[PDB]
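Sequence lines, in order, name chains A and A'. A prime marks a further copy of an entry chain. If you're matching positions, the first sequence starts at 746 in the deposited numbering and goes up one per residue. If you're matching positions, the second sequence starts at 696 in the deposited numbering and goes up one per residue. In this text, a Cβ means the ideal position worked out from N, Cα and C, and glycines have one as well.
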Amino acid sequence: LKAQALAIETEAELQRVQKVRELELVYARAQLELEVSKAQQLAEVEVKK
Amino acid sequence: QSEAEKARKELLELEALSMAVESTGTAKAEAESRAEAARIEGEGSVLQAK
């Protein structure tokens, strides 16, 4: 019985952990894109000046 | 005293069986009640986890 209950709560935990880490990965990818955009534009105006 | 001991041997034989019954009953009851309560709690905890 302990095995059955641990199986249910493990599946229920792992689905939440999967969805949270997936959306966090999407948001971190977008932040990386904005980060390198700002870095290269400020580097470009520094180089040009 | 020899004949009294010959009968007392048979009384001591019967008291052995009485003591065996009186001990195994208490052991079996106190074990099976806690086993049943543990079964109830386990079957509950499966549904609670669901």
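Does the ligand ATP have a heavy atom nearer than 8 Å to the CB of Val-771 (chain A)?
Looking at this structure, you won't find the ligand ATP or any other ligand, since it has none at all.
Is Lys-764 (chain A) closer than 9 Å to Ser-740 (chain A') when the C-beta atoms are compared?
Residue mapping note: residue 740 (chain A') aligns to position 45 of the second sequence, counting from 1. Residue mapping note: residue 764 (chain A) aligns to position 19 of the first sequence, counting from 1. No, the Cβ-Cβ distance between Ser-740 (chain A') and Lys-764 (chain A) is not below 9 Å.
For residue 662 (chain A') versus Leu-751 (chain A), is the C-beta spacing smaller than 9 Å?
With chain A' covering 696 to 745 only, the question about residue 662 (chain A') has no answer from this structure.
With a threshold of 6 Å on Cβ separation, who are the neighbours of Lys-793 (chain A) within its own chain once the five nearest residues in sequence on each side are excluded?
Taking the first sequence and counting its residues from 1, one reaches residue 793 (chain A) at position 48. Nothing meets the Cβ criterion.
Would you kindly report the start and end of the unbroken alpha helix (DSSP H) that includes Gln-749 (chain A)?
Residue numbering aside, residue 749 (chain A) sits at position 4 when the first sequence is read from its first letter. Taken as a continuous stretch (DSSP letters only), the alpha helix (DSSP H) holding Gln-749 (chain A) covers 747 to 793.
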